[PDB]
Every structure is written in structure tokens, then in C-alpha cells.
Amino acid sequence: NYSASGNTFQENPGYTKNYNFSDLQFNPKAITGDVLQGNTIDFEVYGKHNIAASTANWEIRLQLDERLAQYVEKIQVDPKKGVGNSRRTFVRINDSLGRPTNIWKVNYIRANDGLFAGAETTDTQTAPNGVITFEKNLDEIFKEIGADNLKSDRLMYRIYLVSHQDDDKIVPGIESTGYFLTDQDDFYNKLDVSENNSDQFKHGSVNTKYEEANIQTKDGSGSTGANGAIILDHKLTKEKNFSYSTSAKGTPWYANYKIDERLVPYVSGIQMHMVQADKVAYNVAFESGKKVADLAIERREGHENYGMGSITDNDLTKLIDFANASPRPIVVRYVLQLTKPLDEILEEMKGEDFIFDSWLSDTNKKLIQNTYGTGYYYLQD
Ligand SMILES: [Ca+2]
């Protein structure tokens, strides 16, 4: 399984050629507190492309966990603000057997009853005021799913872009798989928010992938090891065109990563790779990266920071391509080399999905706002 988060059921039609889109994100509010006593989840969609695009060719697809999807009645969102375009509906896709699927669709391009201005190629675009509306309140849905099951299998989502001219194949790199936060998620609140550059980032995400053994970067510097690796892609969506070199305060910043405590003894080497969001032909394949550091994590049993690590540099641009002065996104890649094959690891462990986090902090360990991402890797219960 080479799918993001090891997700077992999803569309895997293949890939289009690399196009000039660079970001697509789904950002739902946490399912906490009073949200549970209602029947809605609020969200926004972020999108960015680097060269003018047009037409109904480009279709955004949103997959939701089957356990939620069974109770979804309607999903709507506003297009990017501009010329008074109207609120959009995400249309549910059905199968050939008279059943709904857990995938919804809306056009990418605003002029084609979609979300994002085709001619705008600068700052990240927002489709605001998204609402998923359910048949029942979320407390009733959570009860039916079962608290135990919500603990062991996180509620997933996947957003991605397909191209009709390419037989609905996926635009590579323009996919994000995450999970809905709930009241069992507390780590984000262990972090104090920095006052430095607090309006420079819009969103952070972490995508995960199991990569095969013995693959490498083009230059040979980076690699996955004999048992493969779990790859964490920490992606930062900018608000405008941040330059670290010119504008960062509270320097030097730290790149931070946290891996599920259960996996720590099964991770050996940890590599940091520099990755680039290309203006043309966006490509973040493993081969494209370059190894920039050997990393550590906290391995002392019982330590408050168990499974966490961080790295800095007196010039952090040596480790991270910040796409300085550009609105393009940033990808920080962590390669977690496994000590044995994943199936042996799981056998030794024998359900709870594995959780990973990443964020940037200032020199005083305070979170750079909107740079925290969390992601998961699926484990069959
Ligand atoms: Ca699980």
C-alpha cells in the first residue's frame, strides 16, 4: 500500500502529467464541544496554481470517511470572493449499483461553477464558509460509530484534483489526506502561539506515505533504507509571499516533528529532505528531494518529549526551501527509516492508527501560527 496514510479504499486511477497547480487543502473545524450538539462541520478550501488555468477540466474531489459519509445530507461552500459568484454545492458521486459513494465533486475553476479564479496565480485562494450538513447531530453519529472505534480508526478525509481529459486521473502532488480532530486531541494545545510572523501562514498539513525500501533522491544523498520508511510531508500554505531571510522574527526558527510513541523503537535513521514546489510542473516525488540533515528524536522512556525532535540552523534556508518572496507553498520532508518491515512491526505489536505532527516554532519554542499539521497512518483494527 503506497497510498497516503495507508488508506485502503480510495480512487487510485493513476496520475496525470505534472501540471502547474501547487496546493489544495481541506481545513475543517475541530469536532469538539458544542459542535457535537449540532449537525454541521464548518470548513474552508485552499487552492493555489502557478500558471493561469481554465475550463471545467479540473475537478476537486473530496472523500470523507464512510462512517461520516453515510449521514451526510449536503455539502456547500462559497467560491473565492470576487464578482459575486454564487454559493456552490459539492455533488455526491454515486456508483453503478444505485448506491451513494463517499466522494463529492466541485469544479476547481470559478468561472466554471467552481471555486478558484483561474487567472489568479499569486497568493493562496480561499473558498470560505464551507458547511457539511448531516442527517443527525454529531453526538448521535459518534455514539453510533462507537467511542472505541473513533479511538482506534481516525475519521479521515482526502481532497484531490482530477483531470477529465486524462480520464479522471489524479494530478500528482495535489492531494491531501488528513483526519478530523475531536476532543481526544490535546497535543496542539501543549503549544503556545508565537507573536512572530503570525499572519504569514494560512495552513499546515502532514501527509504520510510508506515508501519502498532502497529508493533514493536523484543525487543519492537521501534514501529509505532496507525496510522502507514512513515519509512525513509537512506542507505549509502561505497567506502571502513570506521570505524567511528578509522577514522572520524570533530567529532562528526550529523545524519540529513528532512521531507516534509506539513507532519510536521501530525507527532508526531520520533524514530531513529539502523539497521544492516548482513553478512549472509541480513535482514532489521522493527522487526530487535532497538530504539536508540527520535528525534525532527523544527516545528516553517516560520523557515528556518522547517521540519529538527539532532542528535549527543559523541560516534555516539551508534546511528548508521557504520559496522566499513567492506565494508558493513549502514542503519539509522527514524520512523515518524502519528497523524492520512494517508487517513484522505490526506482528510484534499484536489497532490505533499512528499519529504524526509537525510544526515550525520560534527560538522560544512558540508555534508559528498556522504551521501546525497533524496526520495519520492507518492501522487495521
Ligand atoms: Ca485503526
# chains A, B, ... in the order shown; residues from 1 in each chain; ligands from 1
>>> residues_near_ligand(ligand="ligand 1", cutoff="10 Å", atoms="only C-alpha atoms and all ligand atoms", output="list in words")
residues 149, 150, 151, 152, 153, 154, 351, 352, 353, 354, 376, 377, 378, 379, 380 and 381 of chain A
>>> residues_around(residues="region 214-224 of chain A", least_positions_apart="4", cutoff="9 Å", atoms="only C-alpha atoms", output="PDB file with N, CA, C and O atoms, in the first residue's frame")
ATOM      1  N   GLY A 228      12.333   0.093   4.113  1.00  0.00           N
ATOM      2  CA  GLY A 228      11.431   1.162   3.761  1.00  0.00           C
ATOM      3  C   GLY A 228      11.313   2.184   4.873  1.00  0.00           C
ATOM      4  O   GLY A 228      12.002   2.161   5.896  1.00  0.00           O
ATOM      5  N   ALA A 229      10.437   3.139   4.650  1.00  0.00           N
ATOM      6  CA  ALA A 229      10.340   4.281   5.534  1.00  0.00           C
ATOM      7  C   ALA A 229       8.949   4.849   5.526  1.00  0.00           C
ATOM      8  O   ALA A 229       8.223   4.734   4.534  1.00  0.00           O
ATOM      9  N   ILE A 230       8.554   5.456   6.628  1.00  0.00           N
ATOM     10  CA  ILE A 230       7.381   6.303   6.614  1.00  0.00           C
ATOM     11  C   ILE A 230       7.839   7.726   6.357  1.00  0.00           C
ATOM     12  O   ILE A 230       8.711   8.243   7.061  1.00  0.00           O
ATOM     13  N   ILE A 231       7.276   8.328   5.316  1.00  0.00           N
ATOM     14  CA  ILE A 231       7.606   9.684   4.901  1.00  0.00           C
ATOM     15  C   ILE A 231       6.552  10.628   5.410  1.00  0.00           C
ATOM     16  O   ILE A 231       5.362  10.398   5.223  1.00  0.00           O
ATOM     17  N   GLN A 271      15.905  11.192   8.338  1.00  0.00           N
ATOM     18  CA  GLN A 271      16.502  12.161   7.420  1.00  0.00           C
ATOM     19  C   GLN A 271      15.580  13.327   7.185  1.00  0.00           C
ATOM     20  O   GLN A 271      14.371  13.150   7.063  1.00  0.00           O
ATOM     21  N   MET A 272      16.149  14.518   7.082  1.00  0.00           N
ATOM     22  CA  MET A 272      15.413  15.702   6.658  1.00  0.00           C
ATOM     23  C   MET A 272      15.764  15.950   5.214  1.00  0.00           C
ATOM     24  O   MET A 272      16.968  15.967   4.844  1.00  0.00           O
ATOM     25  N   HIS A 273      14.749  16.101   4.370  1.00  0.00           N
ATOM     26  CA  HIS A 273      14.968  16.445   2.971  1.00  0.00           C
ATOM     27  C   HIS A 273      14.402  17.807   2.656  1.00  0.00           C
ATOM     28  O   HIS A 273      13.329  18.170   3.156  1.00  0.00           O
ATOM     29  N   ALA A 285       8.019  14.287  -5.908  1.00  0.00           N
ATOM     30  CA  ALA A 285       8.405  12.884  -5.778  1.00  0.00           C
ATOM     31  C   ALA A 285       9.625  12.755  -4.859  1.00  0.00           C
ATOM     32  O   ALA A 285      10.403  13.686  -4.703  1.00  0.00           O
ATOM     33  N   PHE A 286       9.796  11.581  -4.287  1.00  0.00           N
ATOM     34  CA  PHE A 286      10.939  11.328  -3.414  1.00  0.00           C
ATOM     35  C   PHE A 286      12.252  11.634  -4.116  1.00  0.00           C
ATOM     36  O   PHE A 286      13.184  12.185  -3.527  1.00  0.00           O
ATOM     37  N   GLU A 287      12.379  11.244  -5.379  1.00  0.00           N
ATOM     38  CA  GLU A 287      13.653  11.422  -6.074  1.00  0.00           C
ATOM     39  C   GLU A 287      14.062  12.889  -6.165  1.00  0.00           C
ATOM     40  O   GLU A 287      15.244  13.192  -6.294  1.00  0.00           O
ATOM     41  N   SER A 288      13.082  13.784  -6.076  1.00  0.00           N
ATOM     42  CA  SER A 288      13.301  15.211  -6.307  1.00  0.00           C
ATOM     43  C   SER A 288      13.970  15.903  -5.112  1.00  0.00           C
ATOM     44  O   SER A 288      14.572  16.969  -5.255  1.00  0.00           O
ATOM     45  N   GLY A 289      13.857  15.308  -3.937  1.00  0.00           N
ATOM     46  CA  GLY A 289      14.371  15.920  -2.725  1.00  0.00           C
ATOM     47  C   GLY A 289      15.874  15.837  -2.653  1.00  0.00           C
ATOM     48  O   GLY A 289      16.525  15.230  -3.497  1.00  0.00           O
ATOM     49  N   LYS A 290      16.428  16.465  -1.618  1.00  0.00           N
ATOM     50  CA  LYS A 290      17.852  16.397  -1.316  1.00  0.00           C
ATOM     51  C   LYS A 290      17.988  16.268   0.195  1.00  0.00           C
ATOM     52  O   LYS A 290      17.318  16.990   0.935  1.00  0.00           O
ATOM     53  N   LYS A 291      18.843  15.371   0.676  1.00  0.00           N
ATOM     54  CA  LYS A 291      19.034  15.239   2.117  1.00  0.00           C
ATOM     55  C   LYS A 291      19.836  16.411   2.646  1.00  0.00           C
ATOM     56  O   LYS A 291      20.888  16.746   2.090  1.00  0.00           O
ATOM     57  N   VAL A 292      19.317  17.057   3.687  1.00  0.00           N
ATOM     58  CA  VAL A 292      19.976  18.202   4.277  1.00  0.00           C
ATOM     59  C   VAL A 292      20.395  17.991   5.721  1.00  0.00           C
ATOM     60  O   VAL A 292      21.205  18.772   6.225  1.00  0.00           O
ATOM     61  N   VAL A 335      12.041  11.573   6.647  1.00  0.00           N
ATOM     62  CA  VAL A 335      12.114  10.175   6.251  1.00  0.00           C
ATOM     63  C   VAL A 335      12.417   9.330   7.493  1.00  0.00           C
ATOM     64  O   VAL A 335      13.519   9.414   8.043  1.00  0.00           O
ATOM     65  N   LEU A 336      11.451   8.529   7.922  1.00  0.00           N
ATOM     66  CA  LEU A 336      11.566   7.710   9.130  1.00  0.00           C
ATOM     67  C   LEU A 336      11.902   6.310   8.687  1.00  0.00           C
ATOM     68  O   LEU A 336      11.024   5.563   8.280  1.00  0.00           O
ATOM     69  N   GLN A 337      13.170   5.951   8.750  1.00  0.00           N
ATOM     70  CA  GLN A 337      13.601   4.630   8.334  1.00  0.00           C
ATOM     71  C   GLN A 337      13.155   3.593   9.340  1.00  0.00           C
ATOM     72  O   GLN A 337      13.344   3.755  10.535  1.00  0.00           O
ATOM     73  N   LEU A 338      12.510   2.538   8.864  1.00  0.00           N
ATOM     74  CA  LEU A 338      12.046   1.484   9.748  1.00  0.00           C
ATOM     75  C   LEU A 338      13.152   0.476  10.037  1.00  0.00           C
ATOM     76  O   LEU A 338      13.991   0.199   9.197  1.00  0.00           O
TER      77      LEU A 338
END
>>> residues_around(residues="residue 53 (chain A)", least_positions_apart="4", cutoff="12 Å", atoms="only C-alpha atoms", output="MDAnalysis selection string")
chainID A and resid 19:21 48:49 57:58 108:112 116:121
>>> select_by_dssp(residues="region 170-234 of chain A", states="helix (DSSP H, G or I)", output="PyMOL selection string")
chain A and resi 187-190
>>> write_last_selection(atoms="C-alpha atoms", output="tab-separated table (two decimals), in the first residue's frame")
chain	number	residue	atom	x	y	z
A	187	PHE	CA	-1.37	18.00	21.76
A	188	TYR	CA	-1.93	21.17	19.72
A	189	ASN	CA	-2.83	22.92	22.99
A	190	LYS	CA	0.51	21.96	24.53
>>> select_by_dssp(residues="region 4-60 of chain A", states="strand (DSSP E)", output="ChimeraX atom specification")
/A:21-28,40-49,58-60
>>> write_last_selection(atoms="N, CA and C atoms", output="PDB file, in the first residue's frame")
ATOM      1  N   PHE A  21      -0.539  23.316 -10.913  1.00  0.00           N
ATOM      2  CA  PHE A  21      -1.203  23.532  -9.620  1.00  0.00           C
ATOM      3  C   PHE A  21      -0.181  23.269  -8.540  1.00  0.00           C
ATOM      4  N   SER A  22      -0.269  23.941  -7.398  1.00  0.00           N
ATOM      5  CA  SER A  22       0.677  23.681  -6.325  1.00  0.00           C
ATOM      6  C   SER A  22       0.054  23.443  -4.967  1.00  0.00           C
ATOM      7  N   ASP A  23      -1.225  23.721  -4.762  1.00  0.00           N
ATOM      8  CA  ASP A  23      -1.800  23.470  -3.445  1.00  0.00           C
ATOM      9  C   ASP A  23      -3.294  23.259  -3.527  1.00  0.00           C
ATOM     10  N   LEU A  24      -3.754  22.338  -2.685  1.00  0.00           N
ATOM     11  CA  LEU A  24      -5.175  22.095  -2.479  1.00  0.00           C
ATOM     12  C   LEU A  24      -5.307  21.536  -1.082  1.00  0.00           C
ATOM     13  N   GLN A  25      -6.073  22.210  -0.227  1.00  0.00           N
ATOM     14  CA  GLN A  25      -6.219  21.804   1.162  1.00  0.00           C
ATOM     15  C   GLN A  25      -7.661  21.899   1.606  1.00  0.00           C
ATOM     16  N   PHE A  26      -8.044  20.983   2.499  1.00  0.00           N
ATOM     17  CA  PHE A  26      -9.342  20.957   3.167  1.00  0.00           C
ATOM     18  C   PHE A  26      -9.105  21.210   4.635  1.00  0.00           C
ATOM     19  N   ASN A  27      -9.716  22.275   5.154  1.00  0.00           N
ATOM     20  CA  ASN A  27      -9.451  22.702   6.524  1.00  0.00           C
ATOM     21  C   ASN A  27     -10.756  22.791   7.321  1.00  0.00           C
ATOM     22  N   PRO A  28     -11.138  21.680   7.958  1.00  0.00           N
ATOM     23  CA  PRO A  28     -12.350  21.644   8.785  1.00  0.00           C
ATOM     24  C   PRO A  28     -12.080  22.089  10.215  1.00  0.00           C
ATOM     25  N   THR A  40     -23.483  20.090  11.935  1.00  0.00           N
ATOM     26  CA  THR A  40     -22.642  20.686  10.899  1.00  0.00           C
ATOM     27  C   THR A  40     -21.153  20.660  11.231  1.00  0.00           C
ATOM     28  N   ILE A  41     -20.355  20.555  10.178  1.00  0.00           N
ATOM     29  CA  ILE A  41     -18.915  20.811  10.280  1.00  0.00           C
ATOM     30  C   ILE A  41     -18.570  21.949   9.329  1.00  0.00           C
ATOM     31  N   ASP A  42     -18.001  23.024   9.862  1.00  0.00           N
ATOM     32  CA  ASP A  42     -17.563  24.149   9.060  1.00  0.00           C
ATOM     33  C   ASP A  42     -16.181  23.854   8.489  1.00  0.00           C
ATOM     34  N   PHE A  43     -15.889  24.399   7.310  1.00  0.00           N
ATOM     35  CA  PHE A  43     -14.582  24.188   6.676  1.00  0.00           C
ATOM     36  C   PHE A  43     -14.279  25.295   5.687  1.00  0.00           C
ATOM     37  N   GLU A  44     -13.024  25.358   5.261  1.00  0.00           N
ATOM     38  CA  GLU A  44     -12.602  26.164   4.126  1.00  0.00           C
ATOM     39  C   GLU A  44     -11.773  25.278   3.213  1.00  0.00           C
ATOM     40  N   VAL A  45     -11.713  25.673   1.945  1.00  0.00           N
ATOM     41  CA  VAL A  45     -10.851  25.010   0.966  1.00  0.00           C
ATOM     42  C   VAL A  45      -9.824  26.027   0.493  1.00  0.00           C
ATOM     43  N   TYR A  46      -8.554  25.619   0.465  1.00  0.00           N
ATOM     44  CA  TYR A  46      -7.494  26.462  -0.069  1.00  0.00           C
ATOM     45  C   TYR A  46      -6.990  25.877  -1.371  1.00  0.00           C
ATOM     46  N   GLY A  47      -6.654  26.747  -2.307  1.00  0.00           N
ATOM     47  CA  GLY A  47      -6.139  26.328  -3.590  1.00  0.00           C
ATOM     48  C   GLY A  47      -5.144  27.304  -4.125  1.00  0.00           C
ATOM     49  N   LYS A  48      -4.143  26.800  -4.831  1.00  0.00           N
ATOM     50  CA  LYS A  48      -3.202  27.677  -5.495  1.00  0.00           C
ATOM     51  C   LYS A  48      -2.684  27.009  -6.753  1.00  0.00           C
ATOM     52  N   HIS A  49      -2.563  27.817  -7.798  1.00  0.00           N
ATOM     53  CA  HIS A  49      -1.881  27.403  -9.024  1.00  0.00           C
ATOM     54  C   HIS A  49      -0.924  28.495  -9.473  1.00  0.00           C
ATOM     55  N   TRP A  58     -10.824  20.582 -14.699  1.00  0.00           N
ATOM     56  CA  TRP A  58     -10.229  20.410 -13.385  1.00  0.00           C
ATOM     57  C   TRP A  58     -11.327  20.270 -12.355  1.00  0.00           C
ATOM     58  N   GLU A  59     -11.348  19.114 -11.702  1.00  0.00           N
ATOM     59  CA  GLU A  59     -12.407  18.795 -10.738  1.00  0.00           C
ATOM     60  C   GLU A  59     -11.825  18.425  -9.385  1.00  0.00           C
ATOM     61  N   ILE A  60     -12.282  19.119  -8.357  1.00  0.00           N
ATOM     62  CA  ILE A  60     -11.881  18.830  -6.997  1.00  0.00           C
ATOM     63  C   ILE A  60     -12.766  17.716  -6.485  1.00  0.00           C
TER      64      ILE A  60
END
>>> closest_residue(among="A:129, A:13, A:115, A:155", to="residue 31 (chain A)", atoms="only C-alpha atoms")
A:155
>>> closest_atom_pairs(of="region 209-255 of chain A", to="region 193-201 of chain A", cutoff="8 Å", atoms="only C-alpha atoms", output="tab-separated table")
residue	atom	partner	partner_atom	distance
A:236	CA	A:201	CA	6.9
A:237	CA	A:201	CA	6.0
A:238	CA	A:201	CA	4.3
A:239	CA	A:201	CA	4.9
A:240	CA	A:200	CA	6.4
A:241	CA	A:200	CA	7.8
A:242	CA	A:200	CA	6.1
A:247	CA	A:197	CA	7.8
A:248	CA	A:197	CA	6.5
A:249	CA	A:196	CA	5.5
A:250	CA	A:196	CA	6.2
>>> write_last_selection(atoms="C-alpha atoms", output="PDB file, in the first residue's frame")
ATOM      1  CA  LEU A 236       2.849  24.943   4.661  1.00  0.00           C
ATOM      2  CA  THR A 237       0.284  27.025   2.799  1.00  0.00           C
ATOM      3  CA  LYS A 238       1.205  30.698   2.826  1.00  0.00           C
ATOM      4  CA  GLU A 239      -1.042  33.694   3.326  1.00  0.00           C
ATOM      5  CA  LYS A 240       1.052  35.956   1.045  1.00  0.00           C
ATOM      6  CA  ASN A 241       4.709  35.640  -0.140  1.00  0.00           C
ATOM      7  CA  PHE A 242       6.753  35.111   3.060  1.00  0.00           C
ATOM      8  CA  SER A 247      11.133  38.853   7.440  1.00  0.00           C
ATOM      9  CA  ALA A 248      11.329  36.096  10.059  1.00  0.00           C
ATOM     10  CA  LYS A 249      11.464  37.260  13.678  1.00  0.00           C
ATOM     11  CA  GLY A 250      12.248  35.202  16.762  1.00  0.00           C
TER      12      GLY A 250
END
